[PDB]
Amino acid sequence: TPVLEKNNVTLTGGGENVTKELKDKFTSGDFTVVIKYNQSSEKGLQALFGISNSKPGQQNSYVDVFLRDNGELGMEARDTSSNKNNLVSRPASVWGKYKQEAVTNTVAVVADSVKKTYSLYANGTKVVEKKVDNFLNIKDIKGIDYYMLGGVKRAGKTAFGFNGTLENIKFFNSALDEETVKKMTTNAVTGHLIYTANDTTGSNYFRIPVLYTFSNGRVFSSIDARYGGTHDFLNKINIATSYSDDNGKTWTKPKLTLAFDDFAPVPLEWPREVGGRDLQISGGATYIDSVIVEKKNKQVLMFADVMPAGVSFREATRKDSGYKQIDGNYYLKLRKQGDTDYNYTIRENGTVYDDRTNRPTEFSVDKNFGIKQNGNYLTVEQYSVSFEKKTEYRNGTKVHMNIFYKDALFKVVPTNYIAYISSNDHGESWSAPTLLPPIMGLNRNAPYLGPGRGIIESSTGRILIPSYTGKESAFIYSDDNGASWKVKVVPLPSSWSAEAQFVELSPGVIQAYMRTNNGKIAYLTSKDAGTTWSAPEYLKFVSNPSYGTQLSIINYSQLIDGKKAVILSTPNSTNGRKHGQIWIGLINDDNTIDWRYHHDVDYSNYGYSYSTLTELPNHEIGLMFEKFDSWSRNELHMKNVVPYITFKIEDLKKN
């Protein structure tokens, strides 16, 4: 039970003195403080409460919990005369605003002198726990004599003044246990996660959300389940999915849809300290960066990049497709252990052929890229990961030997591929993966997918899938309803990571909106359903760092102000992946777009990285996004940071 509980304390920087109420309550010196609050203004560093020695000379003798204007939650515990200064925090811990209202958050700190740890909670997640050698509790700090809500009294003056309402605050004179505080901090914000740390996927981390609405009214999601922290590479990554049959109100428990089992789908506590955060899982095959489209016959397609163990965007050979052409057919090539050349091909029925004799061997490759010998699977030992400093070790479980694995008898060229799977039941079940043929040419690697959706161009029925090479756009398309694939390769002005998404403006007229390396969003126009493309133009109202970020843009089915509309989601800040905005663009008779409305998702300094939009069956808009800066090295390996939210068009008109 609490030693003090206060309510509805509204403050504009001035604080409230609770010294009488708390002096003498903290007999051990340990504490837990649970704060339900909303901010009226996010600017500046703000303390939810402060326990201090307030006398002259003692300004570095206090304990607080604080909020920053970027959503970071932290705590300090400091003592002047011993020059001890503890700081524990996690970025991207709270929400600011949502549809014009201050968001209620619930945060907590626990100081446990027996464990010498400080822990912080926010909205049902333990965002950080840190053992510190210079531990300080209230009793360790010399001359504590002032206890304040909404500030810290330093040398007779209020510092870090809070602006908002403390809805409820509880002080306890002991360290409460993990499960209790998680539960006390659960609130509405907790319910915005579709994918959560250590859910059914077994992953602690997620990136790259995709939302898509099927013609039956199902709203479908996919995501990268990233097991070895949030690194793009090297990593062990599966694609997970989850769906809603009620306009997004409730979602299925995630399922694994594309996954390799050379490593198991198990939760790892990836180190966030500078000394460990660069660590990667290096020996494991992966699927990464998903694209969803629904065909006109209602079959659903999902594409993803395929990385063999040890391969990524960084390491993949650019000068080999991994295919060989033999008698006009293209066959995936293989190198056998102990050979220097690639002497083998996978041909009809998955039969592995020795290219030197042009005869079938006793080996074959199954529909999931697993290897058999005389009809029986070959196996290898699965890896697990251990920390103490990281080890990847053989764990004694047998999985099928696979051509994408580190320990295979036959291996593919160490480059990146694309695979696609199809579903005839709106994503309850999926075919085995098909690898894309060497559409870029035999002597070039596959392109890299632009995460989000593809489209069906309405006048031709052409299926378009966005991708990029690092130097060109690669618009993968089919003119036979997905039976065969070709590509339009478009050289770009510079080395853009050209993650793109399409809209259709009018029949036969499409635009590709994409990331660049120059700070702007580019759009290229085709008036022949993607066969030829204009020179790039640039949006004038978004200004981002040079590296860029993925965007989402969709067609919307309903008129807005009497006009056909598109809806765009992007960060908009030169300071980082921040300041999420949703823009409404109304299409004019002449196919120019009037970018008439924008909505700021949260405050400007709050994190906003990869995103995905979909129109719900009821004509509201669903948004999932990375609510953190996914470029920053300081925001790596964070749990429960990819929420789902919804807007009415009337919400999006405001800002």
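Residues carry their position along the shown sequence, with the first being 1. Between two forms, the rigid core is the largest collection of C-alphas that superpose within 1.5 Å.
**Q** Return whichever of 314-322 or 375-383 has the larger RMS Cα deviation from the displayed form in 4 other deposited structures of this protein, where every structure is aligned on the rigid core.
**A** Once the core is superposed, the stretch further away in 4 other deposited structures of this protein is 314-322.
**Q** After superposing on the rigid core, which of 304-312 and 218-226 has its C-alpha atoms sitting farther from this form in 4 other deposited structures of this protein?
**A** When 304-312 and 218-226 are compared in 4 other deposited structures of this protein, 304-312 lies farther out.
**Q** According to the PDB entry, how many deposited residues between residue 388 and residue 389 are absent from the model (none, 1 to 3, 4 to 9, 10 or more)?
**A** 1 to 3 residues lack coordinates between residue 388 and residue 389.
**Q** Between 37-45 and 621-629, which has the larger average Cα B-factor in the PDB entry?
**A** Comparing 37-45 with 621-629, the higher average CA B-factor belongs to 37-45.
**Q** Between 50-58 and 608-616, point out the one with the higher average CA B-factor as the PDB entry records it.
**A** Higher mean C-alpha B-factor in the PDB entry: 50-58.
**Q** Which one of 272, 226, 153, 579 shows the biggest C-alpha B-factor in the PDB entry?
**A** Largest recorded C-alpha B-factor: 153.
**Q** Out of 539, 234, 500, 114, which residue has the highest Cα temperature factor in the PDB record?
**A** Largest recorded C-alpha B-factor: 114.
**Q** Taking the entry's C-alpha B-factors for this chain, is residue 305 in the lowest, middle or highest third?
**A** It falls in the bottom third of the chain.
**Q** In terms of the chain's CA B-factor thirds, is residue 575 lowest, middle or highest?
**A** Its C-alpha B-factor, which the entry lists for residue 575, ranks in the middle third among residues of this chain.
**Q** Among the chain's modelled residues, which third holds the C-alpha B-factor of residue 586?
**A** Within its chain, residue 586 is a middle-third residue by C-alpha B-factor, going by the deposited values.
**Q** Taking only the Cα B-factors deposited for this chain, tell me whether residue 31 sits in the lowest, middle or highest third.
**A** Highest third of the chain for residue 31's C-alpha B-factor.
**Q** Rank-wise, by C-alpha B-factor, drop residue 636 into the lowest, middle or highest third of its chain.
**A** For residue 636, whose C-alpha B-factor we compare with every modelled residue in the chain, the answer is the lowest third.
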